[PDB]
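**Q** The structure's right below; bear with me while I get my questions together.
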Amino acid sequence: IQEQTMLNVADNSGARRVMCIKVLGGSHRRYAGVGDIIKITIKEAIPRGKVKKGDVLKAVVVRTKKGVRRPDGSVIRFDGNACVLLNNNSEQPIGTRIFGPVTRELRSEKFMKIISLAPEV
Amino acid sequence: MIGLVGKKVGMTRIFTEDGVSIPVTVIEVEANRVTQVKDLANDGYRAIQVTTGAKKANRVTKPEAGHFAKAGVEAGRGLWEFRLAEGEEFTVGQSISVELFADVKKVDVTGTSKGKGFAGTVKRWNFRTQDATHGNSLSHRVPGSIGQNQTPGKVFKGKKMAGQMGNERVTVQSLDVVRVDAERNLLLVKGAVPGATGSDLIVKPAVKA
Amino acid sequence: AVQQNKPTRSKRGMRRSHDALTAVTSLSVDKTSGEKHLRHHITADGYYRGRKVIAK
Amino acid sequence: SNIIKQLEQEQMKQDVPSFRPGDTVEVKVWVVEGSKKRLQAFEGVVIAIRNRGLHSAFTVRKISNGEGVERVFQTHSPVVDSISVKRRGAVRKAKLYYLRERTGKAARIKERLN
Amino acid sequence: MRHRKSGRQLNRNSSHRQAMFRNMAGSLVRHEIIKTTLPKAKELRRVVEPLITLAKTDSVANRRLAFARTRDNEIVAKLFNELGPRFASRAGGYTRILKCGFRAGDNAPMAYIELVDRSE
RNA sequence: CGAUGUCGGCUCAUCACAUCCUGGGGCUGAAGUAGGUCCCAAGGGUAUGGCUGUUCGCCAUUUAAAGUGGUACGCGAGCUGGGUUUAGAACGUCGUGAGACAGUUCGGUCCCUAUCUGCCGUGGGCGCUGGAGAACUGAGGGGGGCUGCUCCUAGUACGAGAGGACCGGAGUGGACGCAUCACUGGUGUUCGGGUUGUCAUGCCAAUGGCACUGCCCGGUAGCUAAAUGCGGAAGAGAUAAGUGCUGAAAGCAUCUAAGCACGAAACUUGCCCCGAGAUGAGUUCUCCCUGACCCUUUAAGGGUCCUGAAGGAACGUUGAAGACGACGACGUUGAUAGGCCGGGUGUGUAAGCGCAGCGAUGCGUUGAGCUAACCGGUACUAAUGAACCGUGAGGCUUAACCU
RNA sequence: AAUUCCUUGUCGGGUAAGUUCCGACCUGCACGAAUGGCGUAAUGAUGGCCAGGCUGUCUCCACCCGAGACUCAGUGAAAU
RNA sequence: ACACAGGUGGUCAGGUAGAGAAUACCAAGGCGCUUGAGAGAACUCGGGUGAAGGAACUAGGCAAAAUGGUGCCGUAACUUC
RNA sequence: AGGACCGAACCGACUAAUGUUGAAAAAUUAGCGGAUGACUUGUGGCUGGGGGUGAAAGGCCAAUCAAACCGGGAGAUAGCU
């Protein structure tokens with residue numbers, strides 16, 4: 001979300017803990033994730049998973065401890081920061097299943113597929 | 001197109017039927033009384049000088065009392081002017097204020113901003129503070145360099161330094177008109193206008209629109 | 001931090017042109033006792049506007 | 001002021017039931033996907049405001065799929081059309097942040113109009 | 001900077017302000033007229049007039065509240081027996097500030113603050 | 001050399017254009033997308049990290065781009081002190097040695113209360129020609145000037161295919177700036193509560209002091225950003241590079257010599273702010289003052305008595321205004337501040353009593369008590385009438401309008 | 001390498017990225033055996049590096065509480 | 001050089017909590033430190049609290065934050081045991 | 001038992017900030033090292049300047065040290081200012 005932020009991982013093939021290394025878009029995007037795409041190195045993984053420990057890829061922020069702002073002024077906050085890992089070129093989700101709730105800001109383009117796999121939106 | 005003078009009642013929220021909850025500023029705009037009409041014969045320009053509100057007739061001085069005594073005596077809290085360009089409107093003080101804002105869509109609101117007093121460079125401009133702890137003898141929020149040694153030999157005439165912040169006239173432009181109440185003498189506009197509660201606001205139709 | 005030339009007595013007086021005391025120039029007179037006082041103050045015998053307020 | 005709270009009282013809803021912090025409530029909110037709109041239920045314990053007029057908001061904390069989801073709602077918003085009392089809990093304080101940051105600990109129930 | 005704020009620091013911290021105004025409120029209730037500075041008289045208005053307003057109603061709880069403030073049983077007894085019913089028909093304004101001269105040791109604007117209806 | 005503090009970083013910048021991006025063009029070995037090169041153009045913008053003291057460089061990932069230089073290789077009476085050139089010590093090398101290295105390594109005091117100039121703010125005085133109270137005009141001056149992505153046009157023009165537009169619209173972001181506190185939050189030692197140790201109010205109970213606000217838990221107003229609104233434009237005018245029309249000198253040709261038409265984020269305006277000390281001191285509206293003499297060197301005044309006007313200042317109560325001045329509101333014909341009343345808010349069921357329990361404690365009274373800077377009212381307290389300053393019709397010359 | 005100029009040697013690990021670090025090679029400019037060589041448990045306000053926790057160190061500052069700075073009265077310097 | 005935030009040997013050794021001569025609050029006793037009064041700007045000093053992130057700062061985690069007691073369980077490489 | 005461990009008095013001085021015309025010609029504040037010993041401290045003595053003393057830095061020898069301070073040679077000398 002910010003650079004050096006350590007996020008949990010919402011999907012399954014993406015594993016365990018990741019670190020944000022760049023906020024994609026913009027000249028100096030400082031602190032940005034609501035359904036925004038960030039650059040990721042992997043700090044912890046599982047042996048089963050499709051991704052290893054220490055490879056760069058993209059992700060989309062799906063849960064944020066800061067929360068989202070609904071148009072009526074209300075807030076949806078979460079306990080902890082989460083992201084869904086994405087490929088570098090096609091920006092498709094690596095994982096096949098999504099864990100935990102996601103938010104209705106995540107409705108553009110590929111995030112249709114993410115919320116289709118998600119349990120609660 | 002001319003504007004009106006109101007006062008800032010404060011901010012609140014308009015809940016729309018879709019759940020959009022737009023933030024509004026309430027401006028009490030009482031009826032504006034045209035105390036003077038200035039034309040191209042007496043002056044070099046055409047305008048109307050209006051007044052609004054009321055004054056207690058003992059704080060009205062005799063020059064002010066005579067000026068209000070011409071063109072119908074109801075003293076107001078001040079005097080403002082609006083320059084008028086193409087359309088011709090008749091020259092008596094209006095009965096209902098906001099009926100010319102009833103059909104406009106965006107306004108510019110001018111108000112005297114809230115005074116921050118003597119503000120430093122870090123507050124007044126967005127000056128980066130220096131290091132909190134890595135050495136830094138007595139120099140955290142202070143300005144750093146203010147010039148370039150001998151070759152100028154001076155500070156330039158627009159240098160961002162500390163000084164008075166706020167307490168100045170400032171216009172926020174193209175604010176959406178949310179509601180016009182002729183009966184309550186109210187103009188609800190979307191967003192935040194300059195000044196404190198109870199401060200005078202010059203609200204005019206938008207020039208960018 | 002220091003001066004390079006001594007400021008003259010002209011510039012000393014120019015700086016002290018605003019260092020000038022102002023007088024009251026208008027003492028109020030109490031309506032019971034005829035003695036004078038500062039405006040909105042006790043009349044130094046224990047009088048305010050018409051009333052003996054402090055016995056001393 | 002007097003000009004404001006007239007606008008606030010003509011926008012306020014009178015159907016709001018009585019709630020206290022520690023109560024487990026269910027809130028139905030309108031959600032819109034396309035041209036259709038429907039009701040979605042959010043249920044959990046309450047960290048409320050006390051009534052700030054039109055600008056009133058209650059916090060509801062849920063555990064949905066393993067992690068806590070904390071969501072405030074504006075009380076007089078039109079998206080919040082129904083708030084149901086459900087369970088009625090018994091706590092000693094007004095804000096329950098310390099009593100929510102831990103997991104596996106739940107508020108108790110008492111029947112003295114809590 | 002300082003907008004819509006009340007309370008004077010008087011160049012001392014909060015515990016000293018509270019203890020100093022407890023002492024000066026007890027002095028005002030004891031003597032019914034005291035001489036202090038003008039800001040310490042206006043802040044004394046803000047401290048003392050709630051005590052007389054509390055003491056208009058005689059209860060054990062009100063006596064203990066007005067003893068938690070000012071910490072003096074003689075001040076509580078005078079405030080609930082002599083004052084109180086004396087100021088019962090009055091709605092505020094139990095004290096009067098009369099501006100006085102200036103202090104000799106430093107140019108302090110002085111003021112006598114006194115109870116408004118003194119029986120003397 | 002009777003001292004001009006040295007590299008780099010930080011903070012703050014300002015200029016040049018030999019332009020990195022955006023903008024406008026010519027040629028292309030320019031099909032389109034994407035390039036190459038050159039011309040014009042300085043308005044705005046022009047990364048974050050790993051390593052190293054490093055500028056630089058390499059690397060990772062962005063970006064529309066991560067420009068080149070000047071400014072004592074800008075900036076130490078602004079900061080740091082890692083590098084470098086003090087004194088300690090050691091290694092490699094040289095020297096018999098003391099010691100030495102355009103070699104390395106560990107450690108190693110960075111002073112100054114601003115007089116003048118220059119800036120950033122804010123006042124006092126006088127002037128502006130009778131004196132005031134306002135509202136303005138605008139000569140000037142400053143601010144702002146960035147841009148990505150997506151959709152439509154259109155999978156169209158173009159292209160064998162792959163791919164893929166110009167021109168023109170719409171939405172949504174990034175950075176930046178201004179304003180604000182309705183929301184969401186932070187703070188909230190001036191509000192409420194929990195609790196530890198101790199001391200005190202005779203003791204129980206209840207409180208109060210101190211221990212960083214003792215430690216915390218929330219939190220009003222205000223301030224605030226992370227919050228929320230808005231903004232940089234459109235349009236003109238004159239142009240640069242460039243493209244032309246007509247058109248001779250030169251029967252042709254020719255953008256040019258006469259004439260005419262386009263042409264960029266540059267320039268002048270348009271938007272915002274300051275602004276008549278703009279001494280070139282401007283304009284408009286309104287208000288107030290139209291009494292007796294005396295002395296006289298009269299390119300002229302001075303004095304006495306009577307009268308203080310419009311208005312201002314002072315004093316007080318003060319303010320979402322403020323270092324102080326200044327500015328705003330109010331002063332009894334009064335809501336200006338404090339108090340008071342009612343509400344709101346915020347804590348969270350006070351004290352006392354009764355009951356249950358052996359007791360800690362629980363339950364009822366009781367969403368109780370307390371509650372700020374908030375809101376709506378209310379003359380209870382304080383804003384006293386004098387008094388002070390400022391005068392008494394306002395120069396000369398000329399020209400018009402008047403008898 | 002407290003020793004290596006070339007040099008940020010080369011290879012491996014750590015990191016998304018590591019002129020420092022650790023393990024090696026030997027091409028030791030210019031290690032080397034009481035000017036002691038190599039290793040070594042414990043010890044160290046010792047030098048370098050990594051990680052967990054932790055945080056205003058920072059993104060990027062915001063508010064508050066005190067002492068000054070500001071105003072008033074009294075006294076009253078200094079370098080130059 | 002000062003009515004100077006420094007230095008100066010020995011002796012006495014209360015209560016509560018505490019291992020304690022630590023520390024906190026108090027006894028006996030002694031003081032409020034020889035300029036005050038306001039106001040609540042920048043900036044400096046000394047602190048308190050911070051959303052989300054958590055060393056991205058920097059020469060360097062400098063500084064700050066953190067951990068901190070008693071009893072019991074449990075405890076690695078290596079070792080001169 | 002221990003030039004043992006933690007930690008006050010006591011002895012010292014590693015880091016940072018403040019102070020740098022200071023409260024102080026080296027201190028204050030927050031931490032920090034030793035704290036039964038090659039410890040620390042009172043009183044008195046002894047060592048005297050090409051000399052002393054030095055767990056060694058050219059450190060220290062009365063705010064003075066690659067040769068103390070005072071007086072004298074002495075008005076040293078100064079191709080320098």
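Read-outs throughout are calculated quantities, based only on the coordinates presented, and are distinct from any laboratory measurement. In this analysis, Cβ positions are derived from the backbone assuming ideal geometry, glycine residues included, and neighbour counts consider all displayed protein chains.
**Q** Condition first: within 30 Å of B:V24 (Cβ to Cβ), among the β-branched types (V, I, T) and near RNA strand F (Cβ under 6 Å from one of its atoms). Can you find one or more residues in region B:171-190 that meet it? Spell out how you get there, then give the answer.
**A** Filtering region B:171-190 down to residues within 30 Å of B:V24 (Cβ to Cβ) leaves B:171-190.
Next cut, among the β-branched types (V, I, T) only: B:171-172, B:177-178, B:180, B:189.
Narrowing further to those that are near RNA strand F (Cβ under 6 Å from one of its atoms): B:171-172.
Yes, some residue in region B:171-190 is within 30 Å of B:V24 (Cβ to Cβ), among the β-branched types (V, I, T) and near RNA strand F (Cβ under 6 Å from one of its atoms).
**Q** If the Cβ limit is 8 Å and pairs must be 6+ apart or interchain, which residue in region B:132-144 that is within 11 Å of RNA strand G (Cβ to nearest atom) pairs with which residue that is assigned to a loop (DSSP other than H, G, I, E, B) and of a type in the set (V, I, T)?
**A** Short answer, once both residue conditions are applied: B:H140/B:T129; B:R141/B:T129.
Listed here are the residues, each with its yes/no results for (1) more than 14 Å from chain B (Cβ to nearest Cβ); (2) closer than 20 Å to D:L54 by Cα; (3) part of a loop (DSSP other than H, G, I, E, B); (4) over 18 Å from the mean Cα position of the chain (by Cα).
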| site | (1), (2), (3), (4) |
| --- | --- |
| D:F73 | no, yes, no, no |
| D:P78 | no, yes, yes, no |
| D:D81 | no, yes, no, no |
| D:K86 | yes, no, yes, no |
| D:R100 | yes, no, yes, no |
| D:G104 | yes, no, yes, yes |
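**Q** Among the numbered conditions (1) assigned to a helix (DSSP H, G or I); (2) of a type outside the set (A, V, I, L, M, F, W, C); (3) surrounded by 18 or more Cβ atoms within 10 Å (Cβ to Cβ), tell me where E:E49 comes up short.
**A** Result: E:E49 fails condition (3) only.
**Q** Also, I was wondering about something else. Before we move on, is B:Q130 out of contact with any strand residue (DSSP E or B) (no Cβ under 9 Å at 6 or more places or on another chain) and either within 14 Å of another protein chain (Cβ to nearest Cβ) or within 16 Å of RNA strand H (Cβ to nearest atom) (or both)? Lay out the reasoning, then the answer.
**A** Working: out of contact with any strand residue (DSSP E or B) (no Cβ under 9 Å at 6 or more places or on another chain): yes; either within 14 Å of another protein chain (Cβ to nearest Cβ) or within 16 Å of RNA strand H (Cβ to nearest atom) (or both): yes.
Yes, satisfied.
**Q** If you don't mind, another one. Tell me, which residue of region A:6-28 that is away from RNA strand H (no atom under 13 Å from the Cβ) and free of Cβ contacts under 8 Å to residues at least 40 places away in the same chain is farthest from the other protein chains (Cβ to nearest Cβ)?
**A** This residue is A:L24.
**Q** Name, by its number, the condition in (1) surrounded by fewer than 19 Cβ atoms within 10 Å (Cβ to Cβ); (2) in contact with a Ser or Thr (Cβ under 8 Å, 6 or more places away or on another chain); (3) within 9 Å of chain A (Cβ to nearest Cβ) that does not hold for D:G66.
**A** Unmet condition: (2).
**Q** Go through (1) touching a strand residue (DSSP E or B) at 6+ places or on another chain (Cβ under 6 Å); (2) within 11 Å of chain A (Cβ to nearest Cβ) and name the single condition D:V45 misses.
**A** Here D:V45 clears every test but (2).
**Q** Scan region B:120-170 residue by residue and report those that are aromatic (F, W, Y) and either within 27 Å of B:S199 (Cα to Cα) or more than 6 Å from RNA strand F (Cβ to nearest atom) (or both).
**A** Of all residues in region B:120-170, those aromatic (F, W, Y) come to B:125, B:127, B:156.
Of everything in region B:120-170, just one residue is aromatic (F, W, Y) and either within 27 Å of B:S199 (Cα to Cα) or more than 6 Å from RNA strand F (Cβ to nearest atom) (or both), namely B:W125.
**Q** Starting from region A:49-63, keep only residues that are within 14 Å of chain D (Cβ to nearest Cβ), then list their pairs with residues that are among the acidic types (D, E) and assigned to a loop (DSSP other than H, G, I, E, B) whose Cβ atoms are within a distance under 8 Å, requiring at least 6 positions of separation or different chains.
**A** A:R63/D:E67
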